[PDB]
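The structure follows.
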Amino acid sequence: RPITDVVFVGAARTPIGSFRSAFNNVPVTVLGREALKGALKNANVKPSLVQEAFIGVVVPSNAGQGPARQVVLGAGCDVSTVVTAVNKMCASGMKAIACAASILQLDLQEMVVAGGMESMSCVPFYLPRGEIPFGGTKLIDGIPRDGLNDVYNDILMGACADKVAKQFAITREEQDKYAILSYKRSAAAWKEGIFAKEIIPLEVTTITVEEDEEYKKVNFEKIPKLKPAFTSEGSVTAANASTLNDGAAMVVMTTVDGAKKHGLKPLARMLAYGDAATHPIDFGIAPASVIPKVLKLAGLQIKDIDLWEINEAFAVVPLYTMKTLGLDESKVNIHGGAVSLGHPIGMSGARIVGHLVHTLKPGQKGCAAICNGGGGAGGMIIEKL
Amino acid sequence: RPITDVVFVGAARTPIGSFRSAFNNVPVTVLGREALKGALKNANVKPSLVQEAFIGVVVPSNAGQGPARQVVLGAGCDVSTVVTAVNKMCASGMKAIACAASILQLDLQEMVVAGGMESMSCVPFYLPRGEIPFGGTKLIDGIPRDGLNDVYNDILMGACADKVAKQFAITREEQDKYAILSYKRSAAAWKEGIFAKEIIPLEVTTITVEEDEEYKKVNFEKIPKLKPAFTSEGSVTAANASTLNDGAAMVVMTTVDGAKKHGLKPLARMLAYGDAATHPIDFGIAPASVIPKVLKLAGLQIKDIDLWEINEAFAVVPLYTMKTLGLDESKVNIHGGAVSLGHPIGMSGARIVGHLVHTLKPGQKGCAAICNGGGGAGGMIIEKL
Amino acid sequence: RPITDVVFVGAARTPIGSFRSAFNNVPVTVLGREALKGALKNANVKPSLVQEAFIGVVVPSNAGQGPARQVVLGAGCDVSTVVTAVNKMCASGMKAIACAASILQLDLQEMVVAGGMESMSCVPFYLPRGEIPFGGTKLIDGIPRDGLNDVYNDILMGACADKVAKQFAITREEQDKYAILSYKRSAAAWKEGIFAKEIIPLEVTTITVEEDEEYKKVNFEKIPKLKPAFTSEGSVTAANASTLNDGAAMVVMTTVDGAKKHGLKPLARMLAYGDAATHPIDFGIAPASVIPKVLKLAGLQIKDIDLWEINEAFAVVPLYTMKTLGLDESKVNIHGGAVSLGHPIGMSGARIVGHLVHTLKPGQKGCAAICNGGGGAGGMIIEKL
Amino acid sequence: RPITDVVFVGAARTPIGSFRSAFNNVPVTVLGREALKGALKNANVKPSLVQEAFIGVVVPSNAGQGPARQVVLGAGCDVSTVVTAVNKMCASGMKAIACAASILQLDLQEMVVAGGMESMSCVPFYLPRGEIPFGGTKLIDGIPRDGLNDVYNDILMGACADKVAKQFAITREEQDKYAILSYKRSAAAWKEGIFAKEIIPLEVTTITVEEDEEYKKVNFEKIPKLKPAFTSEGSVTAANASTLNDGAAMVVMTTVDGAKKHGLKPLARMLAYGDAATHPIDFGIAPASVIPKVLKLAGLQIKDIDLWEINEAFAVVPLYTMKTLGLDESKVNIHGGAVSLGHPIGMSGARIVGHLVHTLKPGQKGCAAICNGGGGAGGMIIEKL
């Protein structure tokens, strides 16, 4: 099979909750379940047809055995369904989709779901096993420890972004200008109904969560006045960096033959996927390497892409990527992104792909690129049908 | 490419340490690093040739950001290396190998490493985020919580095995006879040098660990006298169940063309891989379903397999599998298995595949099948060259 | 010296804060310090004249070394000051005053301070020393563990009160009638300025706390509708039981000769003090035994007492005491008590004595009696001067 | 009554266990119970005669409600017994005895027990109430926090002793010579049966503990080679400092009339007791102030004392005291002390007084002086009968 036989037939996501707010105490498995139910309904695919699942999740500590399996069974899929979780840090939700695409292209399965999820609100604290040392010891926060602190440099991802910003002269002012644009684009897209197709609501004990929570949590006048968040002479702030958040996003994928068999409407097809990596501290420049890689795989050029989703881990990252590759900013993150919508780590790679699946006009091509802790980036190109 | 173009060029593993013993306080990333260095040396592949890695690990809590990436960089691979972790519970180390094989068959990479790892000794305890409730709360053990307790039934995997045993009249006495056979087969294999090819030693603080620790921790006379370990009227005991353990196993994989390009000797080729699943409590019968699936994928019958590695999660599992499929016990787990060697959850699926890579005679075919928490099983068939 | 040579020359207290409210995160040592500063100012005694201190405190876990010493030095007393803490559970603040009286009567010191304090809001959770058990363990709440759970019966003090109530036919309706009367008496006393002399304010980061917090936290209409708080068929509820609270109360004591020497005005003199005890579960009836004991020591009869302070651990306790001894309810707890003002365990015994010191008319006699966990009660009689 | 009417009729103690060794996991209440049963047997006083108890204990966190009451009821005393715990840090066990003596001299009771206890092995760790902060927090060790860290200087008691040592030219070599002498004196006293009268054995899970554990844990050749334990340029070491330990010591006290009434033999009588204090960091010089105070109270001079027990918190303390007061070293701590026997904080002040009760010859006078965290010291003088 060619890669273009791989089609997306549904996509859905939860709203993104703010840290310890809308989805406080809601396990990641609930978020995943509801996004997966939503995606299957979007695809008009009964859960019993799903043969295999790949779900990204980065810090599932204390969510119980096999949270990916919990999501799949919770959504009503048969116990015969094959399930795997993946962790490629911030790229997890994209890499899950790639893994699903690979087994479809090899005809190992016909109907597969994939996506990503994270509940950062529910990440626990750790106490190591064994004798608690005389004099006491630290209760470790799983979010920096397993999620956001770079191991090799022992600095937070935002401090790494400061390093990249300084190296490439991406100024505080440029980062804040971009951050404001993201917040404004998020609000405009919500007002215009842009997310209506992809969003499914959740009831939380009772209120209904149906809208991204983060993008209203902003004061434009204060943005240029904020102190650096990560290093004393830094440029990255809480406003121009992504936030801690909760959410899940899922897609339903099959082959052109599977879609015909079940009377399904293909929404998009795969053109290319892949990954690149560089030094851990420089994860922010890795999208600029994965993008030419997946363009070459797709036999495309930069001008052939109608929309870019370059995950906004920090304003630094799309700014670097756009200027280094010569991208048109009016075609990049046009409905906002993680600086204003938030970054549930395992979710975001799946969210941005599912967004392209729904928001591209038929015939248009979209490229998603997402940097990840450790120095990597995932990339993916799709064609809307 | 056909699947048979995928070849194994190296395999290695750490010894398996016993719980809080040989590798006490040794992080999983150290074990994985040493297994990967060993596998690359076994393959005569310099680390800079590795393009991508998939590593299984089930409970990496508090091992820091991206433990799979830590292993790959620790082993001397280039920062350009693409890395992903996978969690399919007990099948993780096998599923990692399958994911590597898929991208090789699609010619998305040429040189890939895969494996699995676990440090159960270093799994922490958890405290949830937010208000500690008045009256106190439980510090949660990550091992049962994220590793070995079935979430749907809220019973341990050993209690699930009790259920399967009673349903299919697999007696205490049969389980104990099988357990004793496993311990004896492990000891004999160690004496006969069977593991010399696959084992790499580790220095720990300063002792050298060069031999599996678990298989000596047994008293045959006491085995029939042990009390049930999981349920009051149960048949599963500490002796006839797998144990908590630490270890890592890795393989190096390429295509027939890659091997030619780099002057490498293929050790084995892929014939088939896949997965099956059933009700979570019945994971013990899932290998009996995946085995016919992968045999069909390879165009083979039971008689065509020379050696079986059916992971010994509990003696129940190989016993069920052998009697249901009509397997010859003299061809099953002939060098011991997880009842006597231990079960570092993320490691075992990679261990048993790497063991077949080294221990099969040229021209022989081996099938590995590994049940996993949640109801699944992974299967794989390879041919020795 | 006769006991009547022992005189009180000052008394003060903090307001009583509600649990995790006004004095949340304010250590017990701050509360103690401010009450002691206040008492010394009330007595017109410069801190440098204080020779010795006894301070009651029941659960000072994590308040640091020698919280009583911290209070005394914090209040400006000389480092030459002798300091001891006492724990007689709920009687601690009274027993401290008794110990001070004893050394004054023996002429071992001339100027002594005494009182009691508790920050229940700041009581920590406990994790035992050593190996955290496989499978996890409970984080223990210090409030029930060291404060309010009876060790011998392994039931809460309120459950003990249920037992006593049932035994002596003290009904739910009688308890609620008494509780309402306490809440109304507390509000009336506050309105009438009754506490103005004894109260000192605290600034907390900034707001000024100057009024007891608990007595407004009531709904009279709901009181008869509440469910039992401690046992399924019980009579004790949250409304007719004392609450968890924060506060400190201190007195300054000397001899008649010391008062003359320093030009001080005696506010009251000691007539008797002592203790009684019975079975732990029956602590509620112990005040009825200590009262005749201290009357006999003072050579007095019940009719000679103008005001009674019978600590309101539960409405059960003053109800039992009044009916069994034939006390006039119009002379008992006339300005409210712990059911409506709260029960910071180590404080209350000192609070009720200091209240009598200020509120008795000159020449009147007051008797304070306070039951304590373990089965005890303290008693004290004073004469206003 | 004169103070000399107060008599000791019995004394006993547990052996002192080493940290997490002989009495590991044995609660302080068990140690206190056995010491109290032993003291009552030594006195030939049936438990039902005991009217009141004062028991020292410094860090009873997680030992449950009213550990002093638990000890008294555990020893078989009647529920009518009045019980109080006291905390004067290291002086607690002595101050308890003083409080008992005061109420006997005032004829408020006739038969009273007093002592001190500590299980440092069972001291827990603390987690504060309320929100665990983002990023984690420290699990606090109760031993330094509530027992051995000076709050004002935020340094350990051993570092305070370094300061006193340097100020007064008490050298490392002098401290080590004194330490060695203590270890040798402890061993010799054990061999000569000196402790046979005061010791009572305990059964622990099943071994019998009948001898002090600490004084054998020494290597004389290594003592001059140890590194400073508290400050980089310090003189105090693990060997010449007291250790962490578990134990309890109790006495039985009455009046001359009480002894006659019950047919008891007075062992010793009280001559004086009291306390002094100075700056917290200088607790090591406080015994040199309390000793002249209690000598004056007794109408005695230094030459009138036959044996001194100056608690060996650090070798610094008896060295300072002896050279400042001109004491004969051959009359000081002649059977060892806390440097070699250990320092269960709440116990030691009672241990050294009970030791004088048994080891003084009839007609001899003994003075005990014990420094305490916070800057204090307790003193006591008794006369053997």
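For clarity, chains are labelled A, B, C and D in written order, and residue numbers in each chain start from 1.
To be clear about the criterion, contacts are C-beta pairs under 8 Å (C-beta built on N, C-alpha and C of every residue); 3 or more make two chains touch, one makes a residue touch a chain.
Q: Based on mean C-alpha positions, I'd like to know which chain lies farthest from chain A.
A: Result for the farthest chain: D.
Q: Just give me the whole-number Å value for how far the CA centre of chain A lies from that of chain D.
A: Averaging C-alpha atoms per chain gives centres 63 Å apart.
Q: Counting in whole Å, what is the centre-to-centre distance of chain B and chain D, each centre being its mean C-alpha position?
A: Chain centroid spacing, chain B to chain D, equals 58 Å.
Q: Would you kindly tell me how far, in whole Å, the mean C-alpha position of chain B lies from that of chain A?
A: Each chain reduced to its C-alpha mean, chain A and chain B end up 30 Å apart.
Q: Can you tell me which residues of chain C touch two or more of the remaining chains?
A: Counting only residues that touch two or more other chains, chain C contributes 125, 127, 129-130, 132, 139-140.
Q: What is the shape of the graph in which nodes denote protein chains and edges denote touching chain pairs (line, ring, star, complete, other)?
A: It is complete, because no pair of chains fails to touch.
Q: Could you list each pair of chains that touch, in label order?
A: Here the touching pairs of chains are A-B, A-C, A-D, B-C, B-D, C-D.
Q: Can you name the residues of chain D that touch chain C in the complex?
A: 20, 24-25, 52, 60-66, 68-70, 73, 79-89, 95, 99, 102-103, 105-106, 108, 121-130, 139-140, 142, 145-152, 274-280, 373-376
Q: For a test of understanding, state which residues of chain C touch chain B in their complex under the given definition.
A: Spelled out, the residues of chain C in touch with chain B are 125, 127, 132, 134-141, 143-144.
Q: Which stretch or stretches of chain B touch chain D in the complex?
A: That would be residues 127, 129-132 of chain B.
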